[PDB]
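Report on one structure; see the data block that follows.
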RNA sequence: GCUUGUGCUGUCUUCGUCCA
Ligand SMILES: [Zn+2]
Ligand SMILES: [Zn+2]
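Residue numbers (the entry's author numbering), protein chains in the order written: chain A, 51 to 64, 69 to 128, 153 to 491; chain B, 28 to 72; chain C, 748 to 795; chain D, 283 to 338; chain E, 226 to 339; chain F, 8 to 113; chain G, 541 to 662, 675 to 688; chain H, 885 to 982; chain I, 334 to 394.
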């Protein structure tokens with residue numbers, strides 16, 4: 051449901071008829087794992103059979119696709159792939175079986191599950207440790223560099239927990255060197271850094287006093303005001319919202335020659351979206367973005383004035399662990415986007431012939447099936463062609479030399 | 028000519044290198060060869 | 748080629764009396780017989 | 283057969299690229315020559331350098 | 226004259242689509258302001274359009290899927306204009322009766338035949 | 008199935024030439040009022056260099072191919088085969104000189 | 541992972557004021573409130589708010605794996621419902637000064653006897681201990 | 885063919901459980917077809933049409949065949965698994981730890 | 334025998350099969366899958382019948 | 001009259017062993 055609508059339009063003129075073709079994705083249906091033989095029959099699969107015959111313990115996934123034919127003058155379950163099933167989970171066949179049928183199924187009652195069976199080989203996903211998102215971290219740059227402190231934040235949307243953008247606020251100028259200690263802010267899809275006053279005005283707060291009101295929270299602290307003074311002096315050249323947005327729009331890495339109004343619209347787009355996306359995405363909600371910018375600049379100043387130590391990178395409460403869930407979610411997002419692009423390409427090719435496509439031919443379940451199977455079998459957590467420069471060892475063969483080693487391998491990070 | 032045993036119902040049968048590898052009675056896809064007839068001796072040590 | 752290669756044999760004399768084996772190498776009288784339980788192969792004259 | 287100078291330049295640059303990546307596939311500032319599997323091509327230079335190279 | 230890279234085997238398809246759009250938009254408020262377009266079998270992957278403005282080229286390529294994502298357009302040199310339309314292997318004049326030729330395949334593969 | 012008219016250089020389907028004739032060469036070949044004989048001799052299905060012309064008058068390509076006085080459509084740079092001598096003599100009777108587009112004559 | 545919408549509803553119910561109604565000159569003593577790293581509002585009586593949030597979490601109203609952090613030194617109050625946070629359980633010591641049980645564990649021999657039996661005296677397992685406020 | 889023995893195989897090309905196996909001995913017999921040479925010049929029963937692709941036992945190992953599994957793969961061809969069992973008695977050079 | 338003939342013989346003996354532990358476990362698993370399908374479809378009538386059938390088949394020793 | 005056959009992949013990845 052992240053991208054639930056594929057859209058194809060065709061302003062046919064061959069009596070102008072504007073036709074829109076669009077397909078919607080509905081419900082997801084899952085089943086218990088099944089095994090399909092060469093003679094064509096099917097039967098319920100159990101993990102011992104998959105281990106003995108070098109099968110993959112996986113279940114089919116069905117998706118409801120609804121097709122509509124929009125025209126202006128001026153659909154059932156499709157199999158999208160097979161997902162490997164983790165043993166002893168809610169979707170495993172061994173979850174229900176009691177102690178006696180577990181013995182009849184040749185399963186050990188001491189076995190705990192938590193692994194997958196790909197081609198008869200037991201694979202365990204290793205938890206990946208990453209830094210937390212949506213937190214401001216202030217660091218000190220080393221001596222052979224004009225930058226003395228940096229304040230970086232990585233933003234991730236709550237739905238899906240996926241990284242979107244990274245924004246930094248560098249503090250140029252060394253102690254007693256480089257004249258003024260200007261504060262430049264790095265922005266996404268912008269080729270060169272930007273002083274904080276210009277972007278602050280671009281968000282829609284012009285007066286310098288209110289910029290200081292947003293940044294600082296105690297007027298008697300003359301030192302932070304002194305450190306902000308060079309930024310005010312540098313940004314004094316810009317004094318209006320619209321010229322500030324235009325200045326944003328010139329450096330926005332877009333195609334050369336864009337007109338001024340379109341540049342301003344592009345700046346408005348790149349400012350509303352992709353600038354601190356975790357805060358908000360709608361228009362006219364930039365007050366919170368200005369307050370958060372003031373908070374980041376305040377943290378940068380507090381660290382720069384030796385009032386606080388730089389953030390501990392190795393602190394464990396600032397780290398996160400990715401279990402089977404998030405890793406499989408990222409992998410499935412990539413594979414589903416690939417499948418959607420394939421469906422789009424096939425639809426574009428088919429509209430040339432102008433036929434009432436079954437829609438059970440556009441979908442290639444082999445994409446998701448092979449991608450998941452390859453990633454779990456080899457441990458390379460990405461597309462097969464993208465194996466170079468990709469994370470490796472995320473999936474390993476389960477250790478079975480002794481029971482304690484199996485437990486340790488199942489609880490590793 | 029060669030004896031087998033089903034992996035599910037432990038039924039014995041034979042194959043002639045032309046039948047599908049399946050159990051006759053319960054249709055399991057997993058079968059095992061029977062133990063040889065040669066003499067088996069151990070040194071009890 | 749001797750007619751005794753790859754044939755089940757029993758030892759009748761010496762320190763391995765009454766042990767079942769299989770003849771693997773037979774050049775001149777010194778038959779090489781693998782022992783069913785000890786994972787080893789031993790030389791032995793054909794007389795035994 | 284027929285010589286549009288742009289097409290000559292394109293195909294001759296392709297020939298130069300092939301001859302260059304046949305001997306050195308670690309050229310800085312340009313993409314490597316890749317195999318159909320996506321792995322980079324093993325050039326003659328890479329056979330002679332490193333711990334696993336010819337010399338060492 | 227501008228040349229634009231396209232996908233292999235779709236050059237004639239792009240030529241026919243350009244002609245169809247030119248005919249359809251003729252007599253309208255915003256006709257396709259081009260003059261001619263063509264391609265050559267030997268010069269694979271190239272489609273040459275004769276116009277006067279780059280915006281006309283962009284309008285002509287608009288709505289086509291065989292054109293690659295990047296605007297891979299270049300200005301053809303004026304001297305190359307005659308070379309782009311020069312003929313090739315045209316002097317030849319069909320097969321001549323009485324000549325001796327060899328057979329490519331079949332039961333008489335390689336036998337000389339008159 | 009498409010054929011390239013030898014005289015004017017236009018490319019149209021062979022059945023279009025049989026049913027409707029060549030829209031430009033009809034004044035001197037009478038292709039619309041002729042049998043498959045004249046269609047086969049004056050149009051060839053083997054060609055190279057598909058050309059689409061939008062504006063005959065101002066296109067330098069049209070002047071270079073001598074097609075600036077003809078109907079816009081599909082054109083061929085090179086056409087295999089030449090017009091027969093009797094058709095050439097008939098065109099010379101009409102006062103029109105025929106320059107072959109086969110490339111062998113230059 | 542847990543949704544943050546009930547957390548925001550509880551915070552807005554208990555006197556949190558949004559950012560648009562915030563003046564840094566006027567609010568020289570208010571506490572900034574963060575939810576999943578997003579500054580969502582301010583409050584002037586953080587003690588009552590943190591007590592109410594902690595009591596709600598200990599009663600099962602809020603999910604037990606939600607983080608409730610009060611930074612007194614920096615005047616911040618942070619809440620995390622993110623996925624991937626590593627946690628461990630601990631006994632809760634009755635810290636209420638007004639209570640007689642101050643300085644003593646909340647878990648008693650009655651809880652141990654109920655755990656050994658397996659049911660409450662009008675299933676009693678680990679989750680029953682967690683939602684009774686003796687473990688968090 | 886290989887240098888090991890083939891007399892321990894059965895008619896179906898598989899060894900039976902309970903048989904002693906030494907290094908290099910053949911436990912799975914498999915052949916692949918090969919387009920015959922000019923041996924159709926006359927070789928009544930001794931013209932080669934197959935190439936050997938058998939599986940020998942590891943040269944450093946020996947033991948008893950414990951269990952032989954026969955089934956079919958996902959595609960539909962035959963599929964075999966042979967398990968060998970042996971006993972390892974402690975000796976000089978074996979590693980122990982507290 | 335062919336694959337179809339073997340499957341027909343297996344189905345015939347399954348019809349003749351009074352009881353077999355492996356087949357009872359497979360049937361109970363299939364019934365559990367049908368039960369979760371009925372529960373997810375909010376069918377309050379089918380699930381009672383499947384529960385009654387499972388209760389009749391179950392209670393092993 | 002009947003004679004004994006003569007050998008082996010590559011490239012990555014992961015987990016380990018003994019020092020350091
Ligand atoms: Zn059976
Ligand atoms: Zn004509």
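Beta carbons are placed, not taken as given, at the ideal position from N, Cα and C, and that holds for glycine.
Is the Cβ of residue i closer than 9 angstroms to any Cβ of chain D?
i, result
"residue 268(E)", "yes"
"residue 239(E)", "no"
"residue 235(E)", "no"
Within this structure, are the beta carbons of residue i and residue j separated by less than 9 angstroms?
i, j, result
"residue 624(G)", "residue 208(A)", "yes"
"residue 70(A)", "residue 59(A)", "no"
"residue 273(A)", "residue 260(A)", "yes"
"residue 946(H)", "residue 753(C)", "no"
"residue 545(G)", "residue 597(G)", "no"
"residue 241(A)", "residue 228(A)", "no"
"residue 56(F)", "residue 264(E)", "yes"
"residue 293(A)", "residue 56(A)", "no"
"residue 80(A)", "residue 123(A)", "no"
"residue 17(A)", "residue 366(I)", "The requested residue 17(A) is not part of the displayed model; chain A covers only 51 to 491."
"residue 49(F)", "residue 13(F)", "yes"
"residue 53(A)", "residue 102(A)", "no"
Taking only beta-carbon atoms, is residue i less than 9 angstroms away from chain A?
i, result
"residue 980(H)", "no"
"residue 629(G)", "no"
"residue 320(D)", "yes"
Measure the C-alpha to C-alpha separation of residue i and residue j and round it to an integer number of angstroms.
i, j, result
"residue 314(E)", "residue 40(F)", "34 angstroms"
"residue 462(A)", "residue 612(G)", "50 angstroms"
"residue 166(A)", "residue 89(A)", "18 angstroms"
"residue 269(E)", "residue 76(A)", "36 angstroms"
"residue 764(C)", "residue 755(C)", "15 angstroms"
"residue 324(A)", "residue 267(E)", "48 angstroms"
"residue 266(A)", "residue 280(A)", "15 angstroms"
"residue 571(G)", "residue 374(A)", "16 angstroms"
"residue 336(A)", "residue 232(A)", "30 angstroms"
"residue 667(G)", "residue 657(G)", "Between 662 and 675, chain G has no modelled residues, which means residue 667(G) does not appear in the coordinates."
"residue 563(G)", "residue 584(G)", "13 angstroms"
What are the start and end residues of the beta strand (DSSP E) that includes residue i?
i, result
"residue 295(D)", "That residue, residue 295(D), is in no beta strand (DSSP E); its alpha helix (DSSP H) goes 287 to 305."
"residue 94(F)", "Careful: residue 94(F) lies outside any beta strand (DSSP E), inside the alpha helix (DSSP H) at 92 to 100."
Between residue i and chain H, is the shortest Cβ-Cβ distance under 9 angstroms, so that the two count as touching?
i, result
"residue 771(C)", "yes"
"residue 788(C)", "yes"
"residue 774(C)", "no"
"residue 44(B)", "yes"
On the DSSP letters alone, give me the boundaries of the alpha helix (DSSP H) that residue i sits inside.
i, result
"residue 554(A)", "Summary: the structure shown does not reach residue 554(A), with chain A confined to residues 51 through 491, and so no result is reported for it."
"residue 69(F)", "67 to 71"
"residue 373(A)", "365 to 382"
"residue 203(A)", "Segment 199 to 203 is the beta strand (DSSP E) holding residue 203(A); no alpha helix (DSSP H) there."
Is the CB of residue i under 9 angstroms away from at least one CB in chain I?
i, result
"residue 432(A)", "no"
Would you say residue i faces chain F, with C-beta separation under 9 angstroms as the test?
i, result
"residue 263(E)", "yes"
Check your understanding: Taking a cut of 7 angstroms between CB atoms, which residues from the segment 575 to 595 of chain G lie near chain A?
Key -> Within the segment 575 to 595 of chain G, the residues whose Cβ lies closer than 7 angstroms to some Cβ of chain A are 576, 577, 578 and 579, listed in chain order.
Exercise for review: Output, in sequence order along the chain, the residues in the segment 439 to 467 of chain A whose CB is closer than 9 angstroms to any CB in chain D.
Suggested key: Residues 462, 463, 464, 465 and 466.
**Study point:** Against chain I: residues of the segment 169 to 203 of chain A by CB proximity under 8 angstroms
**Key:** Those would be 171, 174, 175, 176, 178, 179, 182 and 183, in chain order.
Point to revise | chain I contacts from the segment 48 to 72 of chain B (Cβ-Cβ distance under 9 angstroms) | key: Those would be 49, 50, 51, 52, 53, 54 and 55, in chain order.
**Study point:** Members of the segment 939 to 958 of chain H that neighbour chain B once the beta carbon cut-off is set at 9 angstroms
**Key:** Only 948, 949, 951, 952, 953, 954, 955 and 956 from the segment 939 to 958 of chain H bring a Cβ to less than 9 angstroms from some Cβ of chain B.
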